[PDB]
Structures are given as C-alpha cells and as structure tokens.
Amino acid sequence: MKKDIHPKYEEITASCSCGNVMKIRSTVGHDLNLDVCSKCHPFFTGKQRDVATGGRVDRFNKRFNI
Amino acid sequence: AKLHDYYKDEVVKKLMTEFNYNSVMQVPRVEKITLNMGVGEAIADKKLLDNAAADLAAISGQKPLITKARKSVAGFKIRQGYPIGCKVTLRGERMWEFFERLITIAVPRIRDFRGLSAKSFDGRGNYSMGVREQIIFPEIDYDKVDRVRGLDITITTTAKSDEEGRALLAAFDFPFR
Amino acid sequence: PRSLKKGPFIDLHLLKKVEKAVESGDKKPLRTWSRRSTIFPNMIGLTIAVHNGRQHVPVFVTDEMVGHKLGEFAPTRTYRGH
Amino acid sequence: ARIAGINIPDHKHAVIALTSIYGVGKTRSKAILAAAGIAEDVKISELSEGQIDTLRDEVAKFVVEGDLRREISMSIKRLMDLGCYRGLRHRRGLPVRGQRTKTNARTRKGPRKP
Amino acid sequence: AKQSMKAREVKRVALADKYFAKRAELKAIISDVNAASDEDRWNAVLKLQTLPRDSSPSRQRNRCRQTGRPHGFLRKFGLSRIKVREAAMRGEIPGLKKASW
RNA sequence: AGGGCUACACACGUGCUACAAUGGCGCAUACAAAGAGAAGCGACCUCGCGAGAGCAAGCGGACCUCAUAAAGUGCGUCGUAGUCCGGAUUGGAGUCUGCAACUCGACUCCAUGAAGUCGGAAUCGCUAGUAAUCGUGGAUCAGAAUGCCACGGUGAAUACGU
Ligand SMILES: [Mg+2]
Ligand SMILES: [Mg+2]
Ligand SMILES: [Mg+2]
Ligand SMILES: [Mg+2]
Ligand SMILES: [Mg+2]
Ligand SMILES: [Mg+2]
Ligand SMILES: [Mg+2]
Ligand SMILES: [Mg+2]
Ligand SMILES: [Mg+2]
Ligand SMILES: [Mg+2]
Ligand SMILES: [Zn+2]
C-alpha cells in the first residue's frame, strides 16, 4: 500500500450491549462501545424474539404504572 | 480474513451442495466494494469536496480518488474537468474488514431499518445499495460533520446471474426483505 | 408532564382497541380521536391514525418514540408560508 | 489548566473557571470542588498537577463537551426523524415548547428579515 | 347566555354532586403511595376516566345565577359585575356602600 | 369528541427583564402594612438538592395558617469584562392542579449562556410619602399572570416664569 497518505488503521475491539465483542482492524481512533449488532437485532433473528436496552425500557419500563 | 475464512469454508460448502458444481471457482467470488460520494454541491463550496474526501478517509482507511466530470453538462452547470465527486475501491483484506464492519454494525444502525432491498442487481449479479445516512458507519464521530450526507455502495460479484448472486449474499445472512 | 405517582395515560376505549389490534388486527388502521394517550410498548407495529382535527393522519409506531403522545405526530395548524 | 480538552483560564476563582466546561456550570463546579476538597476562594494557578488530575477524573465522572454535544444532537435528530411537533419546530426554526410566534420569537427565528 | 348554557351548567352541577363521593375516593386511591401502584392504582385510573366527564368539578364556570354571564363573576355576591352594580347600588345587598379611604 | 382564539415574511400599543459594580453571588441579621380562608388556609415532624410528598394539630378566624418580608446593614469575592451582568433559547429528569399539561399551565433540578455596551426622528408619567425602586396580599381561579385592584419599605430633583 502507499505510505504517509492513509489514516491510522489499528486493531480495535467493538463491544455491543448484548455481550457480542468483535475484534476488527478498523479506523476509528479509540475503543468502541456500540449498542445494536447482528446478534441483537430484531429483523435478523426474530422480530418479536429479541430484547433491547433502550427507549423501550430505560425511559419507559422503569416508570410504568400498569 | 475472518469473514474470508467463513466464506472459504461455509459459503463454499453450502454453495457446492446447493448448486452441484463441477469446479470450486464456479461459485461467485467478490471483485471489490466501491464507496461513492456524488457530492454535486462542489460548484458552490469547493471545500465540501475535501470534507467528503475526509469522510471517506474516515470510513475506510484509504485516500479517495477525486473523481472527475465525465463530460460537460450545462443543466447541472458542470464543465469538463471539474471535480464533482470522490470514490474508493476496497478489494482484498480491506474489503473483508470493511464488509464485516458494515454488515455487523451499520446494517442494524439503519434508521427505521426494515430489511434490505431484494432487487438491486444489474441483471447479472452485482449488488448495489444506497445508504441515506452516513451515521450508521461506526467510524463516524458525528462531532465534525457539517451535513449528514448519504452514500451508495456497490458489491461487485463474479456471479453469473441474479440467482447465484442472491444465493452468495444470502449465505452471508443479509436481511433481504 | 404527568406525574409518576399517577402513571401514564391511555383512554380505555383506545386501550381495548389496542389489545384487539395487537392480537387479531391486520386489516385496517385504527381511527381514534384520543390525541392524549401516551404510546405503550404493546402497540408496537401498528399503523393507528389519530385525529388531527379534520381527518386522521396515519402514524406507524416506531420503537424509538416512547414517551410521546399521539398528538405530537398529528399537525393541527397547516401553514405553507407568507 | 487542561481539563476536558480546553485551556481553562487561570487568575479566576475555583468555580468561575470550571464554568467554561460545556457541561459544568456553577453548581456542578461546586460539587466537583466539594468532592475534591479544595476551597472555593482559591485560584486555578497555584493548584499542583496531581490536584488538576483528580479534578480531571472527577470531570470525567460527569459528562463532558464531546459527549454532551453527542447526546443533545442525537436528541434533536431523534426529534426531527420522529416528524413530531418538536421536530417540525426544530426543522422550521420556530419555538418548540409553545411560546408565541406572532411576536417575540426573535431568539429562535433570527433578526427581522425585511 | 342563550339558555342552553344555563341548562348545561344545571346538568353539570347535577352530575357533579350526584357522581360525587366516587370521583373523590378514586382520587384518594391514586394519591396514596401506600396502596399498591401495580394494579389497584391502574384500575382506579381506568374507573376514574370511564366516569362521565361532566361529573368533574373542573367544568364549573360559575355563571351569573340570573343572566348566565360567564365573565366578571364574583363568588361572594354570586352575580355578574353588572347585576352586582345594579343591585348593590339600588340597595338590595346589605352593608354595601361606595368606599372612599 | 378534536381543533382554534397561543396560528407567523411582518408592523404598532402596553408591560416585564437587562445592558451592570449605587451591581451579581454566598453567609449573618433586622424593620412592615393590608388582606384570604372549611368541597379552604393548612402548624409541626419526617423524606426529597429543590419544586413538592406522607403524617397531621389549630382556625369560620385581633387567637391558627398563608408568612421567612425585600431593598437595607455587616462580612468576603468578582475588577469594567460581553464578564460570577442578562436569563432569552434548547436538551434531559421531575413536582403540583386537573379525567387528561402534545398543539396549550406554572414551577423545580442539571446543562446549554443569545441578542443586549443606556438606545434616531419622535414620544410618555410625575410638583410630593409624588416620581424612581423593593417586597406582600387580593379578585378571577380545579391549575394557569410580567396584567388589574389593594398594601406597606426606602425615597428624590425642579418649578426662574407663560
Ligand atoms: Mg459551564
Ligand atoms: Mg375552570
Ligand atoms: Mg350562561
Ligand atoms: Mg392572545
Ligand atoms: Mg429580573
Ligand atoms: Mg381577614
Ligand atoms: Mg455573549
Ligand atoms: Mg449570557
Ligand atoms: Mg398636581
Ligand atoms: Mg430638594
Ligand atoms: Zn449484540
């Protein structure tokens, strides 16, 4: 490849909220902590057979009085 | 590498058993992934092209080919030789790395994601998706983006027809709504 | 906003409609007039059409719009420009 | 004098300097200096590097410039993708919480056009 | 006051003071932390909301008892500003006089 | 039943808040008057940074509550800066009224910290407890005032003359 013209392309760890951690040689600059992924997405594995950790729970499920 | 190994073993085996081929090379390979940004507002702010170039550089660790106006088009007010775009071609290990990054990070982060369009082949098995928000890519910081532009992406496959291309991509677990 | 000691709000007629819709509803949108009902996670996947005053604008419920009510998505004052 | 990524000024009292952090006003600054045990009548000049470092990690216990920008901008973008009332006001550039627009909407509309 | 509005206020007073002692206990059930939020409070909300809207005391406009005028009402005299001035100046309201201090 | 009177390229009237040091901010401590209360005022104590919540006495009221007045005075800090002035916008989290606070209530907590550097032609009020300013109560009121109607605290300058 060429030299002194491309950005930094180190090896980075990416950890999602469901516990799926992926080793990927990427160009970001620092560690990553994402939320969704292939394993924790509704459409990919069961639309009503997935759980989330966001707007459906944190803001709402703590406060419901049903 | 990892997705390439997954290809070499599982996708080659399942394609072998499904298609009943006489040669291992008769399964679709992948030529490249071309990330394109047809800026088109460069005529007003020339700097907006350098930001798109920096954005492609961010997404994929390659300096972008500043693509040139193919011919003069008076309707869009472009001459011959004015830089109205930027692209990058990723093939090899870099193709696989970015490809994993996309399929495992960006395809779930799509806004109101209801699967991927199942009709985006030319007619011989070359896939072509357009994303409407760049933000799905993990590389983006969002703290230095003047405009939330979008981009398209072409997965160039060595497939013979649309069925074989779809088979190859579906083996990689694409949503295919 | 509504206090936590009283919980959320939803009209009873709309509530009954929402369980009937999420158990055997696949036919037509739900034409309601209760702009004051907070969206629940049960109604996820419905295309309820809330009354904006003269018609009912359909709104497909998305899982990222939680603490908002049906009147945030119906426009009440049309204004093209001056 | 290099907390959170800015160049927080000296010669100013304890609280008055940490206000410059996008995310630390008067109260959160008093809370930081309380957890750090430093009196509020002293400057940011004669504080040693280690004290500055514990101030740094207490600021890091709170949200900071880049992170705050990120959540508030994603809140605004969530408003505009909902296509809700607040989304229309943020898009159109009008008051969001319900103020009057017939008059006295200048701070959200800009100065008078014609 | 169009006579209709008077009749409306009559039916509102009737439904309020008849459905009373029911709306109030539901409000008490909602307000107390000690009662379980889980089911009793939610069902109390539902029962409260299905009660006819007219039965609330927050729909009392307190019109004038004679001329039904919604605005200018005074709770003390129970009359609009006009009827207060006329009846008070003629002399049918006890102890009232043009003040000057 | 919902919406609108709250709509917004604009222009005008009447107010509030500032542009700052005679001030802002923290702490300590004074001095009122006039009102309102029972489908109401609501001690105390406890919980919560706070709005406020539970418990709950007293009071149809020169008795109880709203209710701690503030400016002031002392102590420090800021040092003439678009700033420790300003709090307009905007995000997040709430409290209270009410069936229900999204269009469309008020406050509270955190963060965001704009215009604004005393204002052109012109134009308004005031001859004394007045103007200028500081605070409190009422009516309306389920909740919702910077408006209106009241009450007190400091407290001027000038009037040659027509
Ligand atoms: Mg700050
Ligand atoms: Mg009322
Ligand atoms: Mg009437
Ligand atoms: Mg009006
Ligand atoms: Mg003020
Ligand atoms: Mg009295
Ligand atoms: Mg400024
Ligand atoms: Mg400011
Ligand atoms: Mg005179
Ligand atoms: Mg004198
Ligand atoms: Zn995951």
# chains A, B, ... in the order shown; residues from 1 in each chain; ligands from 1

call {"tool": "residues_near_ligand", "arguments": {"ligand": "ligand 2", "cutoff": "8 Å", "atoms": "only C-alpha atoms (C1' of nucleotides) and all ligand atoms", "output": "PDB file with N, CA and C atoms (P, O5', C5', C4', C3', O3' and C1' of nucleotides), in the first residue's frame"}}
result
ATOM      1  N   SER E  58     -64.227  20.482  37.778  1.00  0.00           N
ATOM      2  CA  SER E  58     -63.366  21.356  37.000  1.00  0.00           C
ATOM      3  C   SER E  58     -64.047  21.842  35.730  1.00  0.00           C
ATOM      4  N   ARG E  59     -65.344  21.571  35.581  1.00  0.00           N
ATOM      5  CA  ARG E  59     -66.145  22.078  34.476  1.00  0.00           C
ATOM      6  C   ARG E  59     -67.180  23.085  34.949  1.00  0.00           C
ATOM      7  N   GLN E  60     -67.000  23.622  36.148  1.00  0.00           N
ATOM      8  CA  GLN E  60     -67.869  24.664  36.665  1.00  0.00           C
ATOM      9  C   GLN E  60     -67.307  26.003  36.219  1.00  0.00           C
ATOM     10  N   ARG E  61     -68.107  26.767  35.481  1.00  0.00           N
ATOM     11  CA  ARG E  61     -67.669  28.077  35.037  1.00  0.00           C
ATOM     12  C   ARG E  61     -68.146  29.166  35.988  1.00  0.00           C
TER      13      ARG E  61
ATOM     14  P     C F 141     -64.139  32.281  39.026  1.00  0.00           P
ATOM     15  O5'   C F 141     -62.892  31.319  39.244  1.00  0.00           O
ATOM     16  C5'   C F 141     -62.343  30.600  38.151  1.00  0.00           C
ATOM     17  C4'   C F 141     -60.930  30.165  38.441  1.00  0.00           C
ATOM     18  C3'   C F 141     -60.763  29.083  39.495  1.00  0.00           C
ATOM     19  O3'   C F 141     -60.952  27.776  38.990  1.00  0.00           O
ATOM     20  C1'   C F 141     -59.245  30.838  39.927  1.00  0.00           C
ATOM     21  P     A F 142     -62.405  27.096  38.984  1.00  0.00           P
ATOM     22  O5'   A F 142     -62.157  25.715  39.735  1.00  0.00           O
ATOM     23  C5'   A F 142     -61.509  25.682  40.999  1.00  0.00           C
ATOM     24  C4'   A F 142     -60.494  24.569  41.072  1.00  0.00           C
ATOM     25  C3'   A F 142     -59.058  24.942  40.726  1.00  0.00           C
ATOM     26  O3'   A F 142     -58.365  25.535  41.821  1.00  0.00           O
ATOM     27  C1'   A F 142     -59.662  22.968  39.571  1.00  0.00           C
TER      28        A F 142
END

call {"tool": "residues_near_ligand", "arguments": {"ligand": "ligand 10", "cutoff": "10 Å", "atoms": "only C-alpha atoms (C1' of nucleotides) and all ligand atoms", "output": "PyMOL selection string"}}
result
chain F and resi 156-158

call {"tool": "write_last_selection", "arguments": {"atoms": "N, CA and C atoms (P, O5', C5', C4', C3', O3' and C1' of nucleotides)", "output": "PDB file, in the first residue's frame"}}
result
ATOM      1  P     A F 156     -35.935  62.233  50.498  1.00  0.00           P
ATOM      2  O5'   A F 156     -36.905  62.844  49.401  1.00  0.00           O
ATOM      3  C5'   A F 156     -36.457  63.900  48.572  1.00  0.00           C
ATOM      4  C4'   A F 156     -35.492  63.401  47.526  1.00  0.00           C
ATOM      5  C3'   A F 156     -35.120  64.412  46.459  1.00  0.00           C
ATOM      6  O3'   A F 156     -34.070  65.264  46.870  1.00  0.00           O
ATOM      7  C1'   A F 156     -35.713  62.372  45.429  1.00  0.00           C
ATOM      8  P     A F 157     -34.230  66.855  46.786  1.00  0.00           P
ATOM      9  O5'   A F 157     -34.042  67.158  45.240  1.00  0.00           O
ATOM     10  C5'   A F 157     -32.842  66.844  44.555  1.00  0.00           C
ATOM     11  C4'   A F 157     -33.033  67.089  43.085  1.00  0.00           C
ATOM     12  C3'   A F 157     -33.711  68.412  42.762  1.00  0.00           C
ATOM     13  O3'   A F 157     -32.767  69.470  42.670  1.00  0.00           O
ATOM     14  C1'   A F 157     -34.871  66.667  41.690  1.00  0.00           C
ATOM     15  P     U F 158     -33.106  70.934  43.239  1.00  0.00           P
ATOM     16  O5'   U F 158     -34.108  71.544  42.166  1.00  0.00           O
ATOM     17  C5'   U F 158     -33.744  71.627  40.795  1.00  0.00           C
ATOM     18  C4'   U F 158     -34.957  71.831  39.931  1.00  0.00           C
ATOM     19  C3'   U F 158     -35.876  72.957  40.363  1.00  0.00           C
ATOM     20  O3'   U F 158     -35.429  74.224  39.909  1.00  0.00           O
ATOM     21  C1'   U F 158     -37.149  71.008  39.958  1.00  0.00           C
TER      22        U F 158
END

call {"tool": "residues_near_ligand", "arguments": {"ligand": "ligand 7", "cutoff": "9 Å", "atoms": "only C-alpha atoms (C1' of nucleotides) and all ligand atoms", "output": "list in words"}}
result
residues 82, 83, 113, 114, 115 and 116 of chain F

call {"tool": "residues_around", "arguments": {"residues": "stretch 33-47 of chain A", "least_positions_apart": "2", "cutoff": "9 Å", "atoms": "only C-alpha atoms (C1' of nucleotides)", "output": "ChimeraX atom specification"}}
result
/A:13-18,20,31,49-54 /B:103-109,113-115,138,173-175

call {"tool": "residues_near_ligand", "arguments": {"ligand": "ligand 6", "cutoff": "10 Å", "atoms": "only C-alpha atoms (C1' of nucleotides) and all ligand atoms", "output": "PyMOL selection string"}}
result
chain F and resi 34-37+61-62

call {"tool": "select_by_dssp", "arguments": {"residues": "chain C", "states": "strand (DSSP E or B)", "output": "ChimeraX atom specification"}}
result
/C:31-32,38,49-51,56-58,69

call {"tool": "closest_residue", "arguments": {"among": "A:21, A:63, A:9, A:2", "to": "ligand 11", "atoms": "only C-alpha atoms and all ligand atoms"}}
result
A:21

call {"tool": "residues_around", "arguments": {"residues": "residue D:96", "least_positions_apart": "2", "cutoff": "12 Å", "atoms": "only C-alpha atoms (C1' of nucleotides)", "output": "list in words"}}
result
residues 72 of chain C; 76, 79, 80, 84, 85, 86, 87, 88, 89, 90, 91, 92, 93, 94, 98, 99, 100, 101, 105, 107, 108 and 109 of chain D; 89, 90, 91, 102 and 103 of chain F

call {"tool": "closest_atom_pairs", "arguments": {"of": "chain C", "to": "chain E", "cutoff": "12 Å", "atoms": "only C-alpha atoms", "output": "JSON lines"}}
result
{"residue": "C:3", "atom": "CA", "partner": "E:31", "partner_atom": "CA", "distance": 10.6}
{"residue": "C:4", "atom": "CA", "partner": "E:37", "partner_atom": "CA", "distance": 10.2}
{"residue": "C:5", "atom": "CA", "partner": "E:31", "partner_atom": "CA", "distance": 7.0}
{"residue": "C:6", "atom": "CA", "partner": "E:30", "partner_atom": "CA", "distance": 6.2}
{"residue": "C:7", "atom": "CA", "partner": "E:42", "partner_atom": "CA", "distance": 7.7}
{"residue": "C:8", "atom": "CA", "partner": "E:42", "partner_atom": "CA", "distance": 9.0}
{"residue": "C:9", "atom": "CA", "partner": "E:45", "partner_atom": "CA", "distance": 8.4}
{"residue": "C:10", "atom": "CA", "partner": "E:46", "partner_atom": "CA", "distance": 8.6}
{"residue": "C:11", "atom": "CA", "partner": "E:49", "partner_atom": "CA", "distance": 7.4}
{"residue": "C:12", "atom": "CA", "partner": "E:46", "partner_atom": "CA", "distance": 6.5}
{"residue": "C:13", "atom": "CA", "partner": "E:50", "partner_atom": "CA", "distance": 9.0}
{"residue": "C:14", "atom": "CA", "partner": "E:46", "partner_atom": "CA", "distance": 11.6}
{"residue": "C:15", "atom": "CA", "partner": "E:46", "partner_atom": "CA", "distance": 9.9}
{"residue": "C:16", "atom": "CA", "partner": "E:46", "partner_atom": "CA", "distance": 11.5}

call {"tool": "write_last_selection", "arguments": {"atoms": "N, CA, C and O atoms", "output": "CSV table (one decimal), in the first residue's frame"}}
result
chain,number,residue,atom,x,y,z
C,3,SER,N,-47.4,13.3,36.3
C,3,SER,CA,-46.7,12.9,37.5
C,3,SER,C,-46.5,11.3,37.4
C,3,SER,O,-47.2,10.6,36.8
C,4,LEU,N,-45.4,10.9,38.1
C,4,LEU,CA,-45.1,9.4,38.2
C,4,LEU,C,-46.1,8.7,39.1
C,4,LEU,O,-46.4,7.5,38.9
C,5,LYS,N,-46.5,9.4,40.2
C,5,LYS,CA,-47.4,8.8,41.2
C,5,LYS,C,-48.8,8.4,40.6
C,5,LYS,O,-49.5,7.7,41.3
C,6,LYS,N,-49.1,8.9,39.4
C,6,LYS,CA,-50.4,8.6,38.7
C,6,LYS,C,-50.1,7.7,37.5
C,6,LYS,O,-51.1,7.3,36.9
C,7,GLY,N,-48.9,7.5,37.1
C,7,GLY,CA,-48.5,6.7,36.0
C,7,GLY,C,-48.8,7.3,34.7
C,7,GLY,O,-49.1,8.5,34.6
C,8,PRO,N,-48.8,6.5,33.6
C,8,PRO,CA,-49.1,7.0,32.3
C,8,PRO,C,-50.6,7.1,32.0
C,8,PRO,O,-51.5,6.8,32.9
C,9,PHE,N,-51.0,7.6,30.8
C,9,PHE,CA,-52.4,7.7,30.5
C,9,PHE,C,-52.7,7.1,29.1
C,9,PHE,O,-51.9,7.2,28.2
C,10,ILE,N,-53.9,6.5,29.0
C,10,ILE,CA,-54.4,6.0,27.8
C,10,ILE,C,-55.9,5.9,28.0
C,10,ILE,O,-56.4,5.4,29.0
C,11,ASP,N,-56.7,6.3,27.0
C,11,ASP,CA,-58.2,6.1,27.1
C,11,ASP,C,-58.5,4.7,27.1
C,11,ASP,O,-57.9,3.9,26.4
C,12,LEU,N,-59.6,4.3,27.8
C,12,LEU,CA,-60.0,2.9,28.0
C,12,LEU,C,-60.4,2.3,26.6
C,12,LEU,O,-60.2,1.2,26.3
C,13,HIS,N,-61.2,3.1,25.9
C,13,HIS,CA,-61.7,2.6,24.6
C,13,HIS,C,-60.5,2.3,23.6
C,13,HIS,O,-60.4,1.3,23.0
C,14,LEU,N,-59.5,3.3,23.6
C,14,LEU,CA,-58.3,3.1,22.8
C,14,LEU,C,-57.5,1.9,23.3
C,14,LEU,O,-57.0,1.1,22.6
C,15,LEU,N,-57.5,1.7,24.7
C,15,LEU,CA,-56.7,0.6,25.2
C,15,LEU,C,-57.3,-0.7,24.8
C,15,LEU,O,-56.6,-1.6,24.2
C,16,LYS,N,-58.6,-0.9,24.8
C,16,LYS,CA,-59.3,-2.1,24.3
C,16,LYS,C,-59.0,-2.3,22.9
C,16,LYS,O,-58.8,-3.4,22.4

call {"tool": "interface_residues", "arguments": {"of": "chain F", "to": "chain C", "cutoff": "7 Å", "atoms": "only C-alpha atoms (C1' of nucleotides)", "output": "PyMOL selection string"}}
result
chain F and resi 1-3+7+9+100-103

call {"tool": "residues_near_ligand", "arguments": {"ligand": "ligand 4", "cutoff": "10 Å", "atoms": "only C-alpha atoms (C1' of nucleotides) and all ligand atoms", "output": "list in words"}}
result
residues 100 and 102 of chain D; 5 and 6 of chain F

call {"tool": "atom_distance", "arguments": {"atom1": "atom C1' of residue F:96", "atom2": "atom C1' of residue F:45"}}
result
21.9 Å

call {"tool": "residues_around", "arguments": {"residues": "stretch 121-126 of chain B", "least_positions_apart": "6", "cutoff": "6 Å", "atoms": "only C-alpha atoms (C1' of nucleotides)", "output": "PyMOL selection string"}}
result
chain B and resi 156-157+159-162+165

call {"tool": "closest_atom_pairs", "arguments": {"of": "chain F", "to": "chain A", "cutoff": "12 Å", "atoms": "only C-alpha atoms (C1' of nucleotides)", "output": "tab-separated table"}}
result
residue	atom	partner	partner_atom	distance
F:92	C1'	A:59	CA	10.8
F:93	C1'	A:59	CA	10.0
F:94	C1'	A:63	CA	11.9

call {"tool": "closest_residue", "arguments": {"among": "F:112, F:46, F:117, F:80", "to": "ligand 1", "atoms": "only C-alpha atoms (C1' of nucleotides) and all ligand atoms"}}
result
F:112

call {"tool": "closest_residue", "arguments": {"among": "F:124, F:160, F:99, F:84", "to": "ligand 1", "atoms": "only C-alpha atoms (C1' of nucleotides) and all ligand atoms"}}
result
F:84

call {"tool": "decode", "arguments": {"residues": "stretch 10-24 of chain A", "atoms": "C-alpha atoms", "output": "PDB file, in the first residue's frame"}}
result
ATOM      1  CA  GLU A  10      -5.121  -0.240  14.003  1.00  0.00           C
ATOM      2  CA  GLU A  11      -6.840  -3.254  15.588  1.00  0.00           C
ATOM      3  CA  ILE A  12      -9.898  -2.256  17.608  1.00  0.00           C
ATOM      4  CA  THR A  13     -12.280  -4.045  19.970  1.00  0.00           C
ATOM      5  CA  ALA A  14     -16.002  -3.389  19.492  1.00  0.00           C
ATOM      6  CA  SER A  15     -18.346  -4.422  22.314  1.00  0.00           C
ATOM      7  CA  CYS A  16     -22.121  -4.286  21.928  1.00  0.00           C
ATOM      8  CA  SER A  17     -24.684  -4.194  24.733  1.00  0.00           C
ATOM      9  CA  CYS A  18     -25.694  -7.868  24.436  1.00  0.00           C
ATOM     10  CA  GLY A  19     -22.175  -9.181  25.096  1.00  0.00           C
ATOM     11  CA  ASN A  20     -21.026  -9.691  21.492  1.00  0.00           C
ATOM     12  CA  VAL A  21     -17.431  -8.422  21.264  1.00  0.00           C
ATOM     13  CA  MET A  22     -15.735  -8.356  17.865  1.00  0.00           C
ATOM     14  CA  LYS A  23     -12.055  -7.978  17.047  1.00  0.00           C
ATOM     15  CA  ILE A  24     -11.833  -5.811  13.920  1.00  0.00           C
TER      16      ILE A  24
END
